[PDB]
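Following: one structure in structure tokens, then a few remarks.
Reckoned from all heavy atoms, side chains included, excluding hydrogens, waters and symmetry mates. Lettering of chains follows the sequences in order, A, B, ..., and the numbering in each one begins at 1.
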2 protein chains.
Amino acid sequence: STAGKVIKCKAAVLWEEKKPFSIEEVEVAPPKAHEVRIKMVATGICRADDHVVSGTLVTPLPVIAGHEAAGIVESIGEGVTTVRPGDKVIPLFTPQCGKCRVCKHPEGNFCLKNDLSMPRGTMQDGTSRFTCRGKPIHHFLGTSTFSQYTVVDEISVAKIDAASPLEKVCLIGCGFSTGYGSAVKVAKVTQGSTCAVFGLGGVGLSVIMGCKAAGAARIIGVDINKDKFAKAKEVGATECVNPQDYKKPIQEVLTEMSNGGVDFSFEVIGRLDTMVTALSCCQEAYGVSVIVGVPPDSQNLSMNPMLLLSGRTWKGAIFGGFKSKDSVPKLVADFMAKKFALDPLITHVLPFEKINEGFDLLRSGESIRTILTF
Amino acid sequence: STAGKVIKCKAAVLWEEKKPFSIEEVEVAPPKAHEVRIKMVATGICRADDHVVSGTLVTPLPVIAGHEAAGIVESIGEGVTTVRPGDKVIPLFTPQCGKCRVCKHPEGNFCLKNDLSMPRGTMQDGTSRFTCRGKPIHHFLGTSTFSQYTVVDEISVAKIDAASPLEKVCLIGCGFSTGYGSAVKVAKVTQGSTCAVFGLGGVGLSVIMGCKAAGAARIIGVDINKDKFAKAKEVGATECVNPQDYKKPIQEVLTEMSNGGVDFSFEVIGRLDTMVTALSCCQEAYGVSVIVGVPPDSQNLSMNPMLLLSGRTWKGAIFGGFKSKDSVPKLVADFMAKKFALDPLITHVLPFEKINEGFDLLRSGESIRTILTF
Ligand SMILES: NC(=O)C1=CN([C@@H]2O[C@H](COP(=O)(O)OP(=O)(O)OC[C@H]3O[C@@H](n4cnc5c(N)ncnc54)[C@H](O)[C@@H]3O)[C@@H](O)[C@H]2O)C=CC1
Ligand SMILES: NC(=O)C1=CN([C@@H]2O[C@H](COP(=O)(O)OP(=O)(O)OC[C@H]3O[C@@H](n4cnc5c(N)ncnc54)[C@H](O)[C@@H]3O)[C@@H](O)[C@H]2O)C=CC1
Ligand SMILES: O=CNC1CCCCC1
Ligand SMILES: O=CNC1CCCCC1
Ligand SMILES: [Co+2]
Ligand SMILES: [Co+2]
Ligand SMILES: [Zn+2]
Ligand SMILES: [Zn+2]
């Protein structure tokens, strides 16, 4: 009834940076070749969506943001083979094209046909499928989920289990998979190790879940907001430190606590001071430090190269190092087999028309994750 | 007629900074508990020994430097259950105590008993076995090979095969296994990969040899001294670039050459700007950059943490990551099973006395190694 026809629906347009999302009528063009139109069911509010608003993340505007989501395929374009109308899918803000040198590499997952490095805010072919108030409107990371209907390229969508509870597994689109992957696939946390997690937000809690799944002996959570401590021990943190409670700098504190340094340290905040600090607190001969948080744009850190030269490893990752197309289905299937929980991360559920309340709730620090439902 | 008895011999004493070595009669003391005294046969002249003259490396003075050597044991103290008078040994500037947190780790090698973090110029008991002109002379990294006889601790020495040539295998004591180990053990160069090696001195050539043995398909050597390209190509470099020759930054050049980045990059110079350059020229999603060169005292580098967030890995190491007491005896039999050559590294052979000319050589930049013969 709608296949091949323009669809009119509501979307949260961001006309300019640091303002309010405006629920407006939009036209959604039908999918062209190797494109997929999806009817959204639930979308999460992630810190990266706020960075677009605050200007912390530069992407062309006006934009339809959002990138944690689950939806139902409404129609598929010419040549699509991997999904089907009626299929449950999750958009992938990191594509997996299967052809470039990164997709061929056994480990790397930053596919070269992504929209992170040099955001164009368009589809793969360079156009836009969104028109509102007569004019055209930009995409976000090739996903754009803050809309009732969206169009994504086939390389940016993964089919999942048809029984999945869509309104919970949308976290696998970013928040959970990122933190969980940073532990088990990027840092490759070893059993019996000691871990330090800087940041007890949604992503940081998922790091802890990863560390625990890897069987870490001790998992120390670090956050200046002590209210985030309860949830952290809930999901596996063995102890929690507030750096404000200590006279010494925190890397010193964590070094003493761990008898000379932690085996794995995770920066899950997005600050340059805590990146250098996370690296310092891991053991000098073979600590591993993973950067998960995204710093403010175009801005360098200072660090002493001596920290690395004694044996430290310093690495970072997008989307927890997971090849998206490949890993999202397997992650959903592990959730269906109850191999990990996602309820502890969901603190607020709001109808989609309340997107601005969900965002005001993120800047408040109250939420871990707010889910918008359509 | 030497055991337990004080020995007099010639030794290269460094009385202060920025001065020529002074070959003098010294009093080498007897081995105490768990110590070993060694008569030297051949010793190398590495950059680190020169950094002690200038000030690029602080350690107490007067000192008997030198850390790359081979000799034979003459006598041993009480508790020595690992070597015997007359067997060939190589002193290790990185000890392997076998009891500390690092020595028991599967991967670490920066043993906590070193004298690198807080150099202190003594044996492990805090005293000195060297006396010259009546005054106690400090040690250097627990080795001190610029003397005809020396006393090291048991943890700072490994027995090698009894038929090995001591005018060649001494480079396993530093130069070779540092560079070689950085490729094969630290980076773990995968076979079929593209490598970029910054700096084509003694250590850099060793990195290159590690890259070939690892099965690398392309090995690009980077140096501003185009006189080093011949050896580089002789021992494995497929290509050599001089950054002075190009109108563009060298990492742009290397990114084009490698079609978007190298798999592994190595900084074997010791400069802050080439460290972030080497990191940048390796593939943004799965590249690995190993720091081997040692920078000047203090002086923090500045870098964009976005280089790591996309998937890069950045690490450094001491002694190529080799656990010293274990690896050294192995790497010698390797040379004894002819798994690799050490001829192209040794360029100048001087009698020990004329030590200074060897440094003049080194500062000249005219050589790879120079071996001093006893
Ligand atoms: N590399 C990737 O692929 C991804 C990166 N991210 C980034 O992960 C980071 C964390 O994400 P969320 O948990 O959702 O954000 P969040 O704001 O909910 O969590 C941040 C936590 O860090 C705490 N914190 C703030 N300053 C601190 C300080 N000086 N010291 C210690 N703790 C401090 C805060 O109290 C807060 O609890 C974000 O920067 C996000 O952009 C998001 C997902 C994927
Ligand atoms: N991490 C560890 O365990 C150890 C570290 N090292 C360090 O390795 C480094 C190199 O060792 P060597 O080969 O013996 O010294 P070297 O002086 O023979 O080699 C340095 C090379 O770098 C070249 N170079 C200088 N500036 C350059 C620039 N801007 N761009 C490109 N090339 C440049 C020079 O032409 C020179 O050939 C030293 O800094 C040494 O302290 C040495 C032994 C062990
Ligand atoms: O949080 C989701 N995506 C992020 C990944 C890191 C760069 C900014 C966008
Ligand atoms: O070259 C030998 N030893 C080096 C090891 C790294 C720090 C400086 C001294
Ligand atoms: Co996100
Ligand atoms: Co050396
Ligand atoms: Zn790809
Ligand atoms: Zn040890």
Side-chain angles (χ1 to χ4, degrees), chain A residues 171 175-246 249-271 274-275 277-284 286-293 312-317 320-322 331 334 339-345 347 368-369, chain B residues 101 105-108:
Chain A
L171 290 186
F176 171 83
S177 292
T178 294
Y180 191 79
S182 307
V184 296
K185 184 150 208 283
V186 175
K188 289 169 272 284
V189 173
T190 56
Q191 170 163 92
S193 62
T194 306
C195 289
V197 181
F198 289 76
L200 301 181
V203 184
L205 294 165
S206 305
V207 169
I208 290 161
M209 305 166 150
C211 293
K212 183 185 176 188
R218 320 172 45 207
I219 295 154
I220 313 167
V222 190
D223 206 296
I224 58 169
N225 178 357
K226 70 186 183 183
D227 290 348
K228 305 293 198 99
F229 288 173
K231 190 70 62 64
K233 293 178 77 72
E234 254 165 327
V235 301
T238 63
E239 43 180 346
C240 281
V241 298
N242 190 329
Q244 286 168 345
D245 288 337
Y246 295 82
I250 192 72
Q251 69 271 2
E252 274 146 36
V253 170
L254 280 158
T255 305
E256 276 195 339
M257 275 166 71
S258 53
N259 298 315
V262 301
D263 294 287
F264 306 92
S265 59
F266 298 89
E267 202 280 346
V268 186
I269 310 179
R271 294 169 52 89
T274 43
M275 293 156 179
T277 284
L279 168 74
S280 299
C281 80
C282 76
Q283 214 278 341
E284 82 179 339
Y286 51 77
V288 184
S289 193
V290 186
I291 307 181
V292 194
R312 267 171 192 111
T313 288
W314 207 16
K315 58 168 73 170
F322 278 132
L331 283 167
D334 284 13
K339 186 191 167 79
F340 56 80
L342 290 173
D343 272 324
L345 313 169
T347 65
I368 290 295
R369 277 291 180 299
Chain B
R101 175 196 219 281
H105 195 251
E107 284 273 308

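- Using a distance-only test at 3.5 Å, with no hydrogens or angles considered, no donor-acceptor pair links the side chain of A:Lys226 to the main chain of A:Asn242.
- Side-chain atoms of A:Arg312 never come within 3.5 Å of backbone atoms of A:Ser289 as a donor-acceptor pair (strictly under, hydrogens ignored).
- Between the side chain of A:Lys188 and the backbone N or O of A:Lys185 there is at least one donor-acceptor pair closer than 3.5 Å.
- Across all their heavy atoms, A:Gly204 and A:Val268 have their closest contact at N-CG1, 3.4 Å.
- Side chain of A:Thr238 to backbone of A:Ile219: a donor-acceptor contact under 3.5 angstrom is found.
- Scanning both residues, A:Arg369 and A:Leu171, for their nearest heavy atoms gives CG-CD2, 3.8 Å.
- Relative ring orientation between A:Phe340 and A:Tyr180 is described as tilted, the plane-to-plane angle lying within the 30° to 60° band.
- Within the 4.5 Å cutoff, side-chain heavy atoms of A:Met257 are placed close to those of A:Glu239.
- When all heavy atoms of A:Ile208 and A:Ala237 are compared, the pair lying nearest together is CG2-N, 3.5 Å.
- A:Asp263 has no carboxylate O lying under 4.0 Å from a charged side-chain N of A:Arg218, or vice versa, which leaves the two without a salt bridge.
- With A:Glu267 contributing its side chain and A:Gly270 its backbone, the two residues share a donor-acceptor pair below 3.5 Å.
- B:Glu107 contributes atom CD, which lies 10.5 Å from atom OH of A:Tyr286 (distance to the nearest 0.5 angstrom).
- You'll find the side chain of A:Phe266 reaches within 4.5 Å of the side chain of A:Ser182, heavy atoms only.
- Nearest approach of A:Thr255 to A:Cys281, heavy atoms of both residues: OG1-CA, 4.1 Å.
- A pairwise comparison of heavy atoms in A:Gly316 and A:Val290 identifies CA-CG1, 4.5 Å as the closest pair.
- Residue A:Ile291 comes nearest to A:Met275 through the heavy atom pair CG2-CE, 3.8 Å, listed as atom of the first residue, atom of the second, then distance.
- Applying the side chain to side chain contact (heavy atoms under 4.5 Å, CB included) test between A:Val197 and each of A:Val207, A:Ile220, A:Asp223, A:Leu205 identifies A:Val207 as the sole match.
- Proximity of A:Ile224 to A:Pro243: side-chain heavy atoms (C-beta onward) are separated by under 4.5 Å at one or more points.
- Atom CG of A:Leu345 sits about 4.0 Å away from atom CE of A:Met209, to the nearest 0.5 Å.
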Test log, rule side-chain contact (heavy atoms from CB on, under 4.5 Å), inputs A:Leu200 and A:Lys231: CA-CA 8 Å; A:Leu200 301 181; A:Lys231 190 70 62 64; over 6 Å; no
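- Distance check: A:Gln244 CD to A:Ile250 CD1 gives 10.0 Å after rounding to the nearest 0.5 Å.
- Residues A:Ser206 and A:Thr178 form no side-chain contact, since every pair of their non-hydrogen atoms from C-beta on lies 4.5 Å or further apart.
- Proximity of a side-chain donor or acceptor of A:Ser265 to a complementary backbone N or O of A:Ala278 within less than 3.5 Å is detected.
- Between A:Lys212 and A:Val235 the shortest side-chain heavy-atom distance does not fall below 4.5 Å.
- Taken to the nearest 0.5 Å, the CZ atom of A:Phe264 stands 5.0 Å off from the OG atom of A:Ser193.
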Take A:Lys228 and A:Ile368, measure what side-chain contact (heavy atoms from CB on, under 4.5 Å) needs, and give me the verdict at the end. CA-CA 9 Å; A:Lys228 305 293 198 99; A:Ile368 290 295; 3.6 Å; yes
